Every structure is written in C-alpha cells, then in structure tokens.
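Take a look at the structure set out below.
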Amino acid sequence: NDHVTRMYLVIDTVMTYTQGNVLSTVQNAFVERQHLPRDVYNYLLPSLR
Amino acid sequence: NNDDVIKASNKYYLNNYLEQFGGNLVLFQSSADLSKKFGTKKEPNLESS
C-alpha cells in the first residue's frame, strides 16, 4: 500500500549470540581451521609445516 | 593389523641403537699353497692348493 511496505527478516545469529568470548566456552567439540594464538602456534609450528 | 588408522602428520626418529663387530680379521684366498716351498727368485715353483 502507499502507506506501508512489508519487509521480511532472517535473524543474524552470528552477530546476535556469538559476540565476545562465548564460543570459547564450548567443550569437547571438533574444531577446524581455527586461528591460533602465539604460544600454541609456536608449539604447533612443526605440525603445520 | 586392522585398517582403521588416521595418518600422522609429524613423525621423527626418537631412539637409535647400534650393533657392531669391531674385530676384523683379514681373510686371504690363494690358489697357490704357501705350505709348499716357493721357487727361488729366478726359477719359480707352484703346486696349486
């Protein structure tokens, strides 16, 4: 109508729920392609090489 | 011996053991028999073995 224009939405879960260090709380979950901190990166360097 | 295995990315040698035999007697194969007298310098003498 001239006075209303409908819009649909899809919830953006990543922005809503994953902010902060919440993901770090996950326990016993398979991980892949995660950026590594310096300590472990140096520790794991031969494995990546 | 089953086939259920996951490839190991990094492998390096851990222990090395060496077993050796120091003594080395010199063997000698000779068709001519040294027990028999050799001929003089000008005239030789051989009798096989």
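Ordering of the structure tokens sets the chain letters (A, B, ...), residue numbers begin anew at 1 in every chain, and ligands are numbered from 1 in the order given.
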- Pull the helix (DSSP H, G or I) assignments for chain A out of DSSP run on the backbone, and list those residues as a PyMOL selection string. chain A and resi 13-17+22-25+38-48
I need the residues from that last selection saved to file as a short mmCIF file (atom, residue, chain, number, x, y, z; two decimals), in the first residue's frame (with C-alpha atoms), if you can.
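Result went into result-v1.cif, see below:
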```
data_model
loop_
_atom_site.label_atom_id
_atom_site.label_comp_id
_atom_site.auth_asym_id
_atom_site.auth_seq_id
_atom_site.Cartn_x
_atom_site.Cartn_y
_atom_site.Cartn_z
CA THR A 13 22.63 -15.47 14.69
CA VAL A 14 26.37 -14.81 14.42
CA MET A 15 26.12 -11.14 15.37
CA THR A 16 23.41 -11.66 17.98
CA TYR A 17 24.79 -14.56 20.02
CA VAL A 22 31.18 -17.03 24.28
CA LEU A 23 32.36 -19.50 21.64
CA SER A 24 35.41 -20.27 23.78
CA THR A 25 33.07 -21.85 26.35
CA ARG A 38 51.19 -17.24 19.57
CA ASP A 39 52.06 -19.75 22.29
CA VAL A 40 50.30 -22.72 20.68
CA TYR A 41 51.23 -21.56 17.17
CA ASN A 42 54.91 -21.76 18.09
CA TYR A 43 54.19 -25.03 19.91
CA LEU A 44 52.33 -26.50 16.91
CA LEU A 45 54.57 -24.98 14.22
CA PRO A 46 56.18 -28.27 13.08
CA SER A 47 52.76 -29.87 12.63
CA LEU A 48 51.64 -27.09 10.29
#
```
Check every residue of chain B for an atom within 10 Å of chain A, counting only C-alpha atoms, and provide those that qualify as a PDB file with C-alpha atoms, in the first residue's frame.
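That gives us result.pdb:
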```pdb
ATOM      1  CA  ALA B   8      50.104 -38.968  11.497  1.00  0.00           C
ATOM      2  CA  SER B   9      51.306 -35.650  10.101  1.00  0.00           C
ATOM      3  CA  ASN B  10      54.593 -35.310  12.010  1.00  0.00           C
ATOM      4  CA  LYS B  11      56.962 -38.203  12.715  1.00  0.00           C
TER       5      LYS B  11
END
```
- Message: Please list as a PyMOL selection string every residue within 12 Å of residue 30 (chain B), counting only C-alpha atoms and excluding residues in the same chain fewer than 6 positions away.
- Response: chain B and resi 46-49
Now that the selection is made, can you save its residues with C-alpha atoms as a tab-separated table (two decimals), in the first residue's frame?
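Generated file (selection19.tsv):
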```tsv
chain	number	residue	atom	x	y	z
B	46	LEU	CA	103.80	-73.58	-7.71
B	47	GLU	CA	101.66	-76.58	-6.73
B	48	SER	CA	98.11	-75.14	-6.58
B	49	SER	CA	96.21	-75.89	-3.36
```
- Item | Distance of CA of residue 13 (chain B) from CA of residue 37 (chain A), expressed in Å to one decimal place | 28.1 Å
